[PDB]
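Note sheet for the following structure.
Derivation of every value follows stated rules applied to the coordinates shown; laboratory data play no part. Here Cβ is always computed from backbone atoms with ideal geometry, including for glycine, and neighbour counts include all displayed protein chains.
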Amino acid sequence: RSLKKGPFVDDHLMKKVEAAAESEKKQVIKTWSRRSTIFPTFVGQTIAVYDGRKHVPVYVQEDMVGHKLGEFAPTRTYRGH
Amino acid sequence: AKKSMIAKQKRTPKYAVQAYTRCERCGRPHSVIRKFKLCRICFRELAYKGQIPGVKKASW
Amino acid sequence: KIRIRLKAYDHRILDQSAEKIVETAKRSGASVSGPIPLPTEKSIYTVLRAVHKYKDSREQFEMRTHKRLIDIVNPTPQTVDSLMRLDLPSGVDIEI
Amino acid sequence: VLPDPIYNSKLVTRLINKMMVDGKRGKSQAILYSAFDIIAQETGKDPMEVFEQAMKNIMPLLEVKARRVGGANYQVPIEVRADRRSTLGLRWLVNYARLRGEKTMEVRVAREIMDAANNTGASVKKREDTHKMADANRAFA
Amino acid sequence: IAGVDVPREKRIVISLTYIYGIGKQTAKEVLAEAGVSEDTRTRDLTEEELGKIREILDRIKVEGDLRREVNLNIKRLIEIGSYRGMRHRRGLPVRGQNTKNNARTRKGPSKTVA
Amino acid sequence: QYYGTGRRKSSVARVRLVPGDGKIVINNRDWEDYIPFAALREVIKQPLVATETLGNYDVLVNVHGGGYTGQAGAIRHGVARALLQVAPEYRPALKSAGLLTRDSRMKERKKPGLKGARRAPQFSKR
RNA sequence: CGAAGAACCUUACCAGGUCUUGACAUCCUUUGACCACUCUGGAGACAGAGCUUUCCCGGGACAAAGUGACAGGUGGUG
RNA sequence: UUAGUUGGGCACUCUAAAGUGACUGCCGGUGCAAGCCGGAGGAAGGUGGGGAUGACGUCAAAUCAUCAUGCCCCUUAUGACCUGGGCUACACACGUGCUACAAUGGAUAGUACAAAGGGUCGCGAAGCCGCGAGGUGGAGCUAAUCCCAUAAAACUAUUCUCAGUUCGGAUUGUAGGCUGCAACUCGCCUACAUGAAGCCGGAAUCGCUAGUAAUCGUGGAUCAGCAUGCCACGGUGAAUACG
Ligand SMILES: [Mg+2]
Ligand SMILES: [Mg+2]
Ligand SMILES: [Mg+2]
Ligand SMILES: [Mg+2]
Ligand SMILES: [Mg+2]
Ligand SMILES: [Mg+2]
Ligand SMILES: [Zn+2]
């Protein structure tokens, strides 16, 4: 959300990420969510985000908080003609 | 398609934003006038036939 | 101190229905106004004449309303009854 | 058309209408009024007389018409209609008055009518050049 | 003069607009913090006036520092590898904007025919 | 109080004349505060100078609809009407001046497939 | 230009995950309120449970499951 | 009365029903005649202006995707549901338009005059908070009552002084607001900053004969939101037609 009434994050992702404090980051979390923000709580745990055909991994950082998950998982594969 | 789509129109969506208009006669989504609830082409038919009240052909 | 608003799509029906009301209302109580015409609020629906293509060739459909307004100036129960009994040529709308 | 409210001339109203841009008659009319005020300032005399002299100077007589003759296209001269005469005068006036390059439009127009009454300016060069080409091509009359 | 040799003939507002980081309303706010007349000219200034204006400026963010700041912001999303920064790196529109046609101030001038 | 109505485009002037010196009100305002232009003010005068009745009557005006020039045209129209009213022998003068010609130039329709009344798009074969 | 409104829906296309008398109608047989709301596993569809479905006067109207006849195709050819 | 306010009255507008009128009907010229030119009256003169109204048929023009529809094909899939994506891609070409390239202008302030339209869970006032987008609030309204709705161009004053400029407004960064479960892909709008290209357009090519072209704003539909597009509205208002 663009507004102070937010933030937004999918409950089905926030819950799994909160359970993933005891993950130890050996495992990985798949989501079909590209609309959900990144909280700092997502840091460290790689997320496999569904671009349309596959789940592409992203490693969260302090620097990619504030943004969405889809910004790190492109939809349209293009190679300079 | 269009029968399944006309079904899926009428049952309530997951979220209310997913609403959209369709002419009950022929469920085309485009150019459906919510005041009549008809699509433009069916509207033209019935308006010729005089089966719509108060509407006639606009000269000016 | 009571008012009728008649609105429809057909000015001949509407005028004559108003004249009916006014004559009956004068019979049941003498002091009544005449009917007063209001503006014809209307809607011009503009439609593609063709099916597939031809955004440039169209057909236009005007839905007009005609409407008159009446004010009763000395009611009686006779007047109220004459208007409570009376049903008009449909296609119109009476409002009190 | 109709004469000007102030001066007893249709030429003023036509010049206003021919400077006018997108219906801005108020702007055009006001600037022409102020421009006659400027030429009265710097000359002290009849704006109608000086504008008439400028007309009479920018006013062509002969003009070319493009006509197919002998498997090509030629320029044949012809005596211009009396209406197109004034039309071309006012047209040329306004167009040089625009392409001049001074500060303000009333100023440009006023200087051009001065030069024109004095037999100077691009607008008179135009009449001279039209005569020159038509006279060069007067073999074809 | 005031961080860079602004015009001497321009008025003070327009002069301050020619600082990378400052435009007309910031100029009005600054000259109002100074209490000066904004309609005055720039060669017509005074030195103590000018120094107060310099103080308010140096409170406002520095020119070159602003350059460094925006470039750091861009470097960030280039160096993560987001979509938006791939657009920055590829030279294309970043907003949700169309590239089949009308993308000239990003792609550059008209490239060679394919 | 002589009276006339005047219509130009969508402007409607209910205008009336009294005997006076020449003062003029328009919408409870000064004619100069309502129509500041000499051109439009002279346009208003046109009947009163076509027939020499300017220095005789006061023109009292109320107006709605349209723009400033249209309101001016309406006003001169209703004025010429009321001049007829006070004196039918002004008929020839005002008719031959053309002030009784209610300007029937109304603003033309827009039409479909056209970007205005008459304007069409830019044609291209290919 | 169809498109008098492509975020989801629309949307017919693609990837993935799923169903096959079906998302949508008639005819048969059993039954009758069907459902709604909470929990859990879920991207959701959907599965497991609960609470809780009042049909109305043999008929009527709509409904779950069986069952094949059928359905459905923005599949084609203007 | 702060308000056409309140009282009062339909004078006048305005509204909208039934009528009138314009029909070469009359006069002069010419024609044999049809008719043509001029003239008068009148608001309007020559099918007054503008619409809708599109003959037999041509392009086997377009439409099986609005609908129906013959034949053929798939019918535990060419059918059906769900999530996410794409229809918004991007070396490049064309069309249509919007914005401009400025001084008949721009910034700032004050300020006059429109029409045609929409509104019930919809319009949303006044007042207030916020630079602003908007928030709050809930008046009045099922509407000639009330709202959307300051109309903007115009005009008046001051400034900028002809400059890639206070032009232009892209693109980008940060921060906001709305809508909607959700604004990365992929909405709109605001604030600040940045300030791009562009200093009037090759060969060629388009619309327009009058309240038209040009120009300025407004409204409506679709629509939660999303328009330089579409359809209507009025404001200002020309040039020219030899042929
Ligand atoms: Mg919708
Ligand atoms: Mg065919
Ligand atoms: Mg075809
Ligand atoms: Mg064919
Ligand atoms: Mg498309
Ligand atoms: Mg001709
Ligand atoms: Zn239909």
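Brief remarks follow.
- For segment C:27-41, the candidate set comprises residues that are loosely packed, with under 13 Cβ neighbours inside 10 Å and not hydroxyl-bearing (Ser, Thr, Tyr); within that set, the residue that is nearest to the other protein chains (Cβ to nearest Cβ) is C:41.
- Scope segment C:42-55; condition surrounded by 11 or more Cβ atoms within 10 Å (Cβ to Cβ) and within 11 Å of chain B (Cβ to nearest Cβ); matching residues: C:42, C:43, C:44, C:45, C:46, C:47, C:48, C:49, C:50
- Enumeration of residues in segment A:31-59 that are more than 11 Å from RNA strand H (Cβ to nearest atom), out of contact with any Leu (no Cβ under 9 Å at 6 or more places or on another chain) and not polar (S, T, N, Q): A:39, A:40, A:43, A:44, A:48, A:57, A:59
- Matching residues, segment D:94-130, being at positive phi and either surrounded by fewer than 20 Cβ atoms within 10 Å (Cβ to Cβ) or among the aromatic types (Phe, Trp, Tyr) (or both): D:101, D:119
- Considering residues of segment F:20-43 that are away from every other protein chain (no Cβ under 14 Å), assigned to a helix (DSSP H, G or I) and of a type in the set (D, E, K, R) only, the residue surrounded by the fewest Cβ atoms within 10 Å (Cβ to Cβ): F:33
- Qualifying residue in segment F:31-40 (condition: hydroxyl-bearing (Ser, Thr, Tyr) and touching a strand residue (DSSP E or B) at 6+ places or on another chain (Cβ under 9 Å)): yes
- Of all residues assigned to segment F:96-103, at least one qualifies as being of a type outside the set (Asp, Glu) and part of a helix (DSSP H, G or I).
- Leading residue by the ranking (surrounded by the most Cβ atoms within 10 Å (Cβ to Cβ)) among those in segment C:67-76 that are more than 14 Å from chain B (Cβ to nearest Cβ) and of a type in the set (D, E, K, R): C:68
- On the stretch given as segment B:1-11, residues that are surrounded by 10 or more Cβ atoms within 10 Å (Cβ to Cβ) and away from ligand 7 (no atom under 16 Å from the Cβ) total 2.
- Options B:14, B:49; residue that is exposed (fewer than 14 other Cβ atoms within 10 Å of the Cβ), away from ligand 1 (no atom under 16 Å from the Cβ) and free of Cβ contacts under 8 Å to residues at least 60 places away in the same chain: B:49
- Identity of the residue in segment B:48-60, in a loop (DSSP other than H, G, I, E, B) and closer than 25 Å to residue C:52 by Cβ, that ends up farthest from the other protein chains (Cβ to nearest Cβ): B:51
- Checking each residue in segment E:63-114 for being in contact (Cβ under 8 Å) with a residue 24 or more places away in the chain and of a type in the set (D, E, K, R) picks out E:63, E:67.
- Scanning segment B:1-31 for residues being within 14 Å of chain C (Cβ to nearest Cβ) and either near RNA strand G (Cβ under 6 Å from one of its atoms) or of a type in the set (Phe, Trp, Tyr) (or both) gives a total of 3.
- In segment A:50-81, of all residues being among the aromatic types (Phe, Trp, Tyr) and under 13 Å from the mean Cα position of the chain (by Cα), the one that is surrounded by the most Cβ atoms within 10 Å (Cβ to Cβ) corresponds to A:72.
- The set of residues in segment F:82-103 being near RNA strand H (Cβ under 9 Å from one of its atoms), more than 14 Å from chain D (Cβ to nearest Cβ) and either exposed (fewer than 14 other Cβ atoms within 10 Å of the Cβ) or among the charged types (D, E, K, R) (or both) consists of F:88, F:91, F:92, F:95, F:96, F:102.
- Residue check, residue A:6 exposed (fewer than 12 other Cβ atoms within 10 Å of the Cβ) and in contact with a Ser or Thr (Cβ under 9 Å, 6 or more places away or on another chain): yes
- Where residue D:107 falls short, out of the listed (1) farther than 23 Å from residue D:129 by Cα; (2) part of a loop (DSSP other than H, G, I, E, B); (3) in contact (Cβ under 8 Å) with a residue 40 or more places away in the chain: (2)
- Residue under evaluation residue C:24, criteria (1) of a type in the set (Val, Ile, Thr); (2) surrounded by 14 or more Cβ atoms within 10 Å (Cβ to Cβ); (3) in a strand (DSSP E or B), criterion not met: (3)
- Cβ-Cβ distances below 7 Å connect no pair with a first residue in segment A:43-60 that is within 16 Å of residue A:12 (Cα to Cα), a second residue that is in a strand (DSSP E or B) and within 16 Å of ligand 7 (Cβ to nearest atom), and a separation of six or more residues or different chains.
- Single residue of segment B:17-30 satisfying the filter (over 24 Å from residue C:55 (Cβ atoms) and under 15 Å from the mean Cα position of the chain (by Cα)) that is nearest to ligand 1 (Cβ to nearest atom): B:19
- Residue in segment B:31-47 that is in a loop (DSSP other than H, G, I, E, B), closer than 19 Å to residue C:50 by Cβ, among the aliphatic types (A, V, I, L, M) and within 9 Å of RNA strand H (Cβ to nearest atom) present: no
- Any hit, segment B:21-29, residues being touching a residue at least 24 places away in the same chain (Cβ under 8 Å) and surrounded by 10 or more Cβ atoms within 10 Å (Cβ to Cβ): yes
- Filtering C:58, C:64 for residues that are within 11 Å of another protein chain (Cβ to nearest Cβ), surrounded by 14 or more Cβ atoms within 10 Å (Cβ to Cβ) and within 15 Å of the chain's Cα centre (by Cα) leaves a single hit, C:64.
- Selection status of residue B:39, surrounded by 14 or more Cβ atoms within 10 Å (Cβ to Cβ), within 21 Å of residue C:48 (Cβ to Cβ) and within 12 Å of RNA strand G (Cβ to nearest atom): yes
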